[PDB]
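Asks: Before I ask anything, here is the structure I am working with.
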């Protein structure tokens, strides 16, 4: 929270006028008003496709092949307009027009006077409009031009052409996935997709409050926290304003410090007592403390400004193995942590709806017990509320800078745009305890990943590490990979029937074209995802049929049997991958799987879909993501029962292995799970043929369950179903 | 070929007004018309000295000391003027005024409106004049200022002062040799030295077609070619235009692929069958294929643009054998190739005449059988036609960026000027199969040669190697300086040679044709000193010309007083030295990997170490060098108790033959026998016994019905000139 003096929202009903962009792009209000176009009511924050669909001008892009009908609007312009009232501004105060998100290339006018030129979808834009504001109605006009056509203002290098990321994405600062990807639709879109506000700032104001943990002693309940404070301070206010710093928790004041402001920028170091450390999930408590800084007149007591945030006392270090060679391990508060989590993709192709999805999506990670999440560079940067939830629930955040599968310009103009973006995002997010790493998502000669971004982290966040950058799930590709830390590992899975009936037209809900199993109809090809409407057979969807065929021999023709088979192979594979890394500790250090939630109704390798449809893989993963988990990994002539502890406490329990069909107890006995390590229990003999062992362990009175599928594929689908039904764990 | 919609030539007669440059340079049409100057007719493309000589205002700079009489014009300004009729431009179409070459600092005006400010003589300049053009007669005015005076707009660093390259060249982007070199006259010059055209472009047009060879399988006659296509495409034309890619050879089509244009830039990977790889001379055929890409309307079938080039399927890897100087070898199509060729210097001091020399000059390399050529960084970048000829004849091209014998600013403004130049020239030439290397020609902290240029190659030509970078005493060619130099790959090596008599009689005044001032041998007259070359008219004796006499005195004991005897002596020393250098590197393979010698042709009538002069007069070294540049060449190297008869093979084929070595003076047979020359290697034939005294051995070899000849001068200097002349005459290989 940041008080200022007043913050008046400009969200609500705007007027949107759209029209095809001429050869000479419209940049003035006069050109926008003279252009022949269509005028509709609009909602801010919003996307232009939501406004046109509300007007009945476009069909629902989430159904069938309606995504391709939005293609002509990629060459359109969008003219937002509204009138507003200007608040009273006293002497020395500044009126600031704040845009949370402009998508993308736009000219901003207040009362016919241009106040800004925006060209970065991913960062905020603030314009001082104190001098252009007038009494009564103030005209606010935003004229956006075509992002796609902007790409032709640039000459591309050889290494920027032919990558998975679109060439139109290379020279502009937008989320690469908006142009299309394997897991996102091509929906370039436009509009004011985040809040628009009017801010009044006092002459004495807080420019930035940077909280940094210098040290932490979790056992003594102590921590050293530094505050790098920058302010605007008139010289008459020097020695007449004091900074008041208050740390609290549950309304209880932990520390108060006052200091006379003798210069605009200061470093205050606070040696705190009776404070708990911020820990990721399983490894401890996500302790957060309210840190408030206020600038107060020493004579009148008037508060000129106040910034408040919840901070966590924690230290983060990445250890990079450079002799025995993803060969790294995160060290939090001086303890080696095993990372288990998901990759974070766009929450919505229409990104103005991202904020409405954040709460439910973080809840998915909490129920999965993820302790880490990697925000993928194909997506936009998430807003403050996402990181505040990750602070609260103890989920570490790996933040990629917004660049996708490809390479970018080595020249000055791009380097300046990316430096402006990187400084903004770093300053915005560097105070969240959840954030643990910056990445360039990218070769060692790349100026982008090895100079520009590293220079920003060096100057504006030297407390966090920066890093410059298909078949059966038991093949050596997955079982003999030497990477201690895997960051992308995924397996396809057909969505639930209910999701299929909502996104596919009734004639196309069944996947098979003219009944032939394996021949996908066009609507299923569009939902693979196909960026452009090029009719073809095969491609990405075939991954589902191939995987099901390797495991069960044959692809079912009944849609419900196909859904069960596809979600069951995705469930077994992902579960096997997690157990393989959790079981091969301490060598394995982390696994970040792909992915937890889709950002659009599509056929994908996610374990949950856009509408909340949890696939079978979600529940399987849930049982192999506990703090302490008993699991079975393959072994030389047998199977190995192991327990993995991802906490700092020792635990005791008992485990009962048994075959589903026979009921023969293969093993029963107590175990001791030492803190923060893999502990083997017993080597179990080989079982005959196919089947399913069931694991039942009890710790501190609670009952947990797991299983292990033995044998070698192909399995009969009808038999595998009976094994799970008798296992009694899943449905 | 790039079709566009139309290309009207603005070449032809212009009006040229010139005047001394005032303290404040004239940069407006008003100031140019108000200045007191001289108006003459001019020819574009051209240089201002050609126009002034056509008007009888200057004397021929190629004769005597007339080069120094052009000195005052370095401080002049040059005002070009002509009228042109505007072509018809439909809506959305674009009218582009294209300059192939402006030398150099000029303000361009169309109909009184400034459209550009040029400041680089080595690269093209394009200006969109669609909105400034008018109906009827239009006006084109170009106002050039003094390049020399432009240097004083810059403060030079210590390392940019005192080099062989002129301080006036350091801050400006112009060919360094224009300011004078030891092999080029000082002729700064100016003018529109390349074509000036008007191009009409459709709203849909090809911006660039970059052809890259990913792989080649010569025996399977296959190749994987990538087309990196960038276009200008209105969004209304998206999904309504298709790219048509056609690879052909002699009218026979090899590939025809059509693809709907859904984005402005695309990578098209083309896996071809029935295609032959491109090879350098000796190693195979220089197979070329016409690659044409066209943007076609999917409905009307209208062709909006067409780009056509001749490409070749080849791979190039520079194998750094390791970093001593010249410790590398070029690998073409997976095979280690032995490079042999010449450095490429200016074709003319008045560079607008370069294009008229290109065909004859390249033919010299074909007659010599060079498989490589290093375009020296003191010259301008050659135009497309030079690289087309090197593609056609299989001559690999090593391209220096345009800096010489110099150190340069580490500051931003020079870096930005060089980056714009490098991007332009790389994009222009990156599709020629002949081109195989980019060089900075430059210590390891130099921003220019270790950051600016390497960054341009990193982004715009990752397919070709980039390198950031033997004269010395110039004594006896068998000195340990040459014979024990460890460089596997030598890029510069040369020896002086007096030009033929006809050239001397055309370049000097009648009283100055004989070199000896007042008749004393070894003392050069003033005109010969000018042709050294001498950059500034400082009178002195000795200097560079003493290389000719010192090298003759080492080999033949005394300098002949007679001119015809002196020409034969000097050219014989150059011929024996250069031949020895090539035989020494070919004979010591596989350690030696290449020899690029200096040089094949003069860019100006001068006294030099070139083997043929500016007017085409071939010195004796040209013929000696021809006989040691064959694909398969029998040669003799010194051994310590005799000589070693060797045969070198610069092909991928085995050959058999017979060789005979005889003493010329006595006629006795030293060796005769058959030999097998294994492919792409040096093979030792026989150790030959030590001969007595001085003389010449004649090497006669026959390969597949064809008879070839070489020789070896044995003994140690000093030799007697008359005896050497009789040995060459009796040998029968070369005419005296």
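Asks: Would you say residue A:106 is under 30 Å from residue B:226 (Cα atoms) and surrounded by 18 or more Cβ atoms within 10 Å (Cβ to Cβ)? If you could, list the steps in order and put the result at the bottom.
Replies: Details: under 30 Å from residue B:226 (Cα atoms): no; surrounded by 18 or more Cβ atoms within 10 Å (Cβ to Cβ): yes.
In short, no.
Asks: Of the residues in region A:522-540, how many are assigned to a loop (DSSP other than H, G, I, E, B) and either surrounded by 15 or more Cβ atoms within 10 Å (Cβ to Cβ) or on the phi > 0 side of the Ramachandran plot (or both)?
Replies: Final tally of qualifying residues: 9.
Asks: Among the residues in region B:300-314, are any within 14 Å of chain A (Cβ to nearest Cβ), assigned to a strand (DSSP E or B) and closer than 28 Å to residue A:153 by Cβ?
Replies: No, region B:300-314 has no match at all.
Asks: In region A:129-155, which residues are within 14 Å of chain B (Cβ to nearest Cβ), closer than 30 Å to residue A:95 by Cα and not in a loop (DSSP other than H, G, I, E, B)?
Replies: A:147
Asks: Test of understanding: among B:211, B:193, which residue is within 14 Å of chain A (Cβ to nearest Cβ) and either over 23 Å from the mean Cα position of the chain (by Cα) or surrounded by 18 or more Cβ atoms within 10 Å (Cβ to Cβ) (or both)?
Replies: B:211
Asks: Checking residue B:158 against (1) more than 14 Å from chain A (Cβ to nearest Cβ); (2) in contact with a strand residue (DSSP E or B) (Cβ under 7 Å, 6 or more places away or on another chain); (3) surrounded by fewer than 21 Cβ atoms within 10 Å (Cβ to Cβ), which single condition isn't satisfied?
Replies: (2)
Asks: Could you list all residues from region B:568-596 that are in contact with a helix residue (DSSP H, G or I) (Cβ under 6 Å, 6 or more places away or on another chain) and either over 24 Å from residue B:719 (Cβ atoms) or not in a helix (DSSP H, G or I) (or both)?
Replies: B:592, B:595
Asks: With the condition kept exactly as written, say whether any residue in region A:416-424 is more than 15 Å from residue A:594 (Cα to Cα), within 14 Å of chain B (Cβ to nearest Cβ) and either assigned to a helix (DSSP H, G or I) or more than 10 Å from the chain's Cα centre (by Cα) (or both).
Replies: yes
Asks: (1) in a loop (DSSP other than H, G, I, E, B); (2) over 25 Å from the mean Cα position of the chain (by Cα); (3) more than 14 Å from chain B (Cβ to nearest Cβ): which one isn't true of residue A:187, the others all being true?
Replies: Of everything listed in (1) in a loop (DSSP other than H, G, I, E, B); (2) over 25 Å from the mean Cα position of the chain (by Cα); (3) more than 14 Å from chain B (Cβ to nearest Cβ), residue A:187 misses just condition (2).
Asks: Mind counting the residues in region A:671-713 that are over 35 Å from the mean Cα position of the chain (by Cα) and on the phi > 0 side of the Ramachandran plot?
Replies: Within region A:671-713, residues that are over 35 Å from the mean Cα position of the chain (by Cα) and on the phi > 0 side of the Ramachandran plot number 4.
Asks: May I ask you to list the residues in region A:70-83 that are away from every other protein chain (no Cβ under 13 Å) and surrounded by fewer than 17 Cβ atoms within 10 Å (Cβ to Cβ)?
Replies: A:83
A quick yes/no check of all residues on (1) within 14 Å of chain B (Cβ to nearest Cβ); (2) crowded, with 17+ Cβ neighbours inside 10 Å:
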{"position": "A:21", "(1), (2)": "yes, yes"}
{"position": "A:30", "(1), (2)": "no, no"}
{"position": "A:42", "(1), (2)": "no, yes"}
{"position": "A:46", "(1), (2)": "no, yes"}
{"position": "A:52", "(1), (2)": "no, yes"}
{"position": "A:55", "(1), (2)": "no, no"}
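Asks: Please determine whether any residue of region B:457-464 is farther than 24 Å from residue B:168 by Cα, more than 14 Å from chain A (Cβ to nearest Cβ), outside any loop (DSSP other than H, G, I, E, B) and in contact with a strand residue (DSSP E or B) (Cβ under 7 Å, 6 or more places away or on another chain).
Replies: no
Asks: Looking at region A:108-128, which of its residues are assigned to a loop (DSSP other than H, G, I, E, B) and within 32 Å of the chain's Cα centre (by Cα)?
Replies: Within region A:108-128, A:119, A:121, A:122, A:123, A:124 qualify.
Asks: Please state which one of B:602, B:648 is assigned to a strand (DSSP E or B) and closer than 29 Å to residue B:360 by Cα.
Replies: Answer to the selection: B:648.
Asks: I'm checking my understanding of the structure. Among residues of region B:266-288 that are in contact with a helix residue (DSSP H, G or I) (Cβ under 9 Å, 6 or more places away or on another chain) and in a loop (DSSP other than H, G, I, E, B), which one is nearest to the other protein chains (Cβ to nearest Cβ)?
Replies: Looking at the filtered set, the residue picked out is B:288.
Asks: So, in region B:494-508, how many residues would count as being assigned to a loop (DSSP other than H, G, I, E, B) and over 22 Å from the mean Cα position of the chain (by Cα)?
Replies: To start, the set of residues in region B:494-508 that are assigned to a loop (DSSP other than H, G, I, E, B) comprises B:494-496, B:498-500, B:508.
When the remaining residues are screened for being over 22 Å from the mean Cα position of the chain (by Cα), the result is B:498, B:500, B:508.
Going through region B:494-508 one residue at a time, the tally reaches 3.
Asks: Further, regarding this structure: Enumerate the strands (runs of 3 or more DSSP E) found wholly within region A:1-90, keeping only those where 3 or more residues are within 30 Å of residue A:432 (Cα to Cα).
Replies: By residue number, A:6-9.
Asks: May I ask you to list the residues in region A:433-449 that are assigned to a helix (DSSP H, G or I) and within 12 Å of another protein chain (Cβ to nearest Cβ)?
Replies: A:447, A:448
Asks: I'm trying to understand the selection: among the residues of region B:510-527, which are in contact with a helix residue (DSSP H, G or I) (Cβ under 7 Å, 6 or more places away or on another chain) and under 20 Å from residue B:565 (Cβ atoms)?
Replies: Of everything in region B:510-527, those that are in contact with a helix residue (DSSP H, G or I) (Cβ under 7 Å, 6 or more places away or on another chain) and under 20 Å from residue B:565 (Cβ atoms) turn out to be B:512, B:513, B:514, B:515, B:522, B:523, B:524, B:525.
Asks: Here is a follow-up. What about residue A:36, is it in contact with a strand residue (DSSP E or B) (Cβ under 9 Å, 6 or more places away or on another chain), surrounded by fewer than 17 Cβ atoms within 10 Å (Cβ to Cβ), more than 14 Å from every other protein chain (Cβ to nearest Cβ) and more than 22 Å from residue A:84 (Cβ to Cβ)?
Replies: When the stated conditions are applied, residue A:36 passes them.
Asks: Could you pull out the residue among B:379, B:413, B:407 that is over 27 Å from residue B:62 (Cβ atoms) and surrounded by 20 or more Cβ atoms within 10 Å (Cβ to Cβ)? Lay out the reasoning, then the answer.
Replies: Working: B:379 fails: over 27 Å from residue B:62 (Cβ atoms); B:413 fails: surrounded by 20 or more Cβ atoms within 10 Å (Cβ to Cβ).
Of B:379, B:413, B:407, the one residue that is over 27 Å from residue B:62 (Cβ atoms) and surrounded by 20 or more Cβ atoms within 10 Å (Cβ to Cβ) is B:407.
Asks: For the subset of region A:293-305 comprising residues that are in contact with a strand residue (DSSP E or B) (Cβ under 8 Å, 6 or more places away or on another chain) and surrounded by fewer than 18 Cβ atoms within 10 Å (Cβ to Cβ), which member is farthest from residue A:268 (Cα to Cα)?
Replies: Restricting to residues being in contact with a strand residue (DSSP E or B) (Cβ under 8 Å, 6 or more places away or on another chain) and surrounded by fewer than 18 Cβ atoms within 10 Å (Cβ to Cβ), the top hit is A:302.
Asks: When region A:541-567 is examined, which residues are found to be touching a strand residue (DSSP E or B) at 6+ places or on another chain (Cβ under 7 Å) and in a helix (DSSP H, G or I)?
Replies: Result: A:545, A:566, A:567.
Asks: Do we have residue A:538 as in contact with a helix residue (DSSP H, G or I) (Cβ under 6 Å, 6 or more places away or on another chain) and away from chain B (no Cβ under 14 Å) here?
Replies: Judged against the criteria, residue A:538 is not a match.
Asks: Sticking with this one: Within region B:600-624, track down each residue that is surrounded by 22 or more Cβ atoms within 10 Å (Cβ to Cβ), within 19 Å of the chain's Cα centre (by Cα) and under 30 Å from residue B:716 (Cβ atoms).
Replies: Result: B:600, B:608, B:609, B:610, B:611, B:612, B:622.
Rule-based calculations on the coordinates, nothing more; no lab input. We place every Cβ from the backbone using ideal geometry, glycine too, and count neighbours over all the protein chains shown.
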